[PDB]
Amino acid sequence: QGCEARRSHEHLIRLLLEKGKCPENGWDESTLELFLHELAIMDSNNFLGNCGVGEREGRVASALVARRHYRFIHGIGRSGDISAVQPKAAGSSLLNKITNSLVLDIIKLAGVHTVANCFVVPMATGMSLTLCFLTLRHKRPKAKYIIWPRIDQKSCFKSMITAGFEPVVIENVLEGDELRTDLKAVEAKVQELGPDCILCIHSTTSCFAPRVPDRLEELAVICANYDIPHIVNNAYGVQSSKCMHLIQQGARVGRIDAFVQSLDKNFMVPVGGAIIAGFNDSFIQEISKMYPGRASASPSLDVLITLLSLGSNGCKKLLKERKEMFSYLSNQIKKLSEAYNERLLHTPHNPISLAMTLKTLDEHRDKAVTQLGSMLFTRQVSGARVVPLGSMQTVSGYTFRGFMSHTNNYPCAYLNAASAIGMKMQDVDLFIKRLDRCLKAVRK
């Protein structure tokens, strides 16, 4: 009778390996774990009649370490190719191919249907941008500059410098309450400097309001006309239909060479992995081969486990819920602000992040804006970013005026809040309740 039992799991598994797409409904844990166990025993470190006389054998001293990784020890890839099948680890190599294939499937469902290729890379989004820039150097050996429409996030700014290039900060234009791409200045800069001296244009979709996603269609056309590479920082934009649509359109009407996303921000897994994806299949393969040596299999295993358990239906559900929570948070901030003579900034073009003003707090008199930020933290509100006026800040030599606000002089101090994937109404209701108590105390 030990037949028809397996035969239902074997089929969900054979179906996964042949067509490479997410299951529509999530696997039961019993299936997932049977599968992980079937892969792990395919690696040579887990063979029964095995001897190892090499210096890298996947030996594990602690049993707590081996059990928590489902006995996957050899990482992904070979030394010369992170995407190559590892003969010492047939099972881990298969894992890598399936995970990458699932991630590709989700990029499509999420919005970029024309994606040609992608891979999971066990560094975060900053360092994966850096690996993009490091790959471009070889192609454009005269190139010295990366043109970068400003965003006050220390990681993607430093990514250009760790790669050893010079970022050219293109300030944004203030349209209403929104901060947007200065397409005039960007094109003036590629001409002042010269296409040959530009490594790439580096744009951002996901960001804190009142910045909004960059004008990707326009920027991609500039890039196609001047023969300049386009790199998109899409850090948490997989969860946003609008963001994924910009990338999609930017590639249709113009040029996008790669776009980069975080794993934790989009798939709800621990920090430390990212996806590099693109439309030229061979260029994405090239970034892959620029990675020296083997890498951790952890972020891949986390992603594989998460997508198989959720299914594409579980994803669609979370994505729909995120949109709904954005409306509900938006309306709640509208209601709460009004009571304090503040307003929700008009930022329609930003689908994930919102801002509430703080004009009624005097920072130079009572240091109230900072104080608000501090109080929110000690009331265990997380992610509530306060942004004061006129903060100078130096990051890797370069000085920012009005830092955290994405421009030298925004009209007012404000407070961020987001609806990111996984949010529950309790988050918003507790946020609103705690912000209310906080403002009340500051203004008393």
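Numbering starts at 1 and runs along the sequence shown.
Stretches compared: 167 to 175, 364 to 372. Higher mean C-alpha B-factor in the entry: 364 to 372. Of the two stretches examined, 121 to 129 and 82 to 90, the record assigns the greater average C-alpha temperature factor to 82 to 90.
Per the PDB entry, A339 shows the highest C-alpha temperature factor of the residues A339, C156, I247, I161. Between the residues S419, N50, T31, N416, it is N50 that shows the highest Cα B-factor in the PDB record. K142 sits in the highest third of its chain by CA B factor, as recorded in the PDB entry. When all modelled residues of the chain are sorted by CA temperature factor, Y236 is found within the lowest third. Per-chain ranking of the deposited C-alpha B factor places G273 in the lowest third. Remark: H406 belongs to the middle third of its chain, ranked by C-alpha B-factor as recorded. Per the deposited record, the Cα B-factor of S312 falls in the middle third when ranked against the other modelled residues of its chain.
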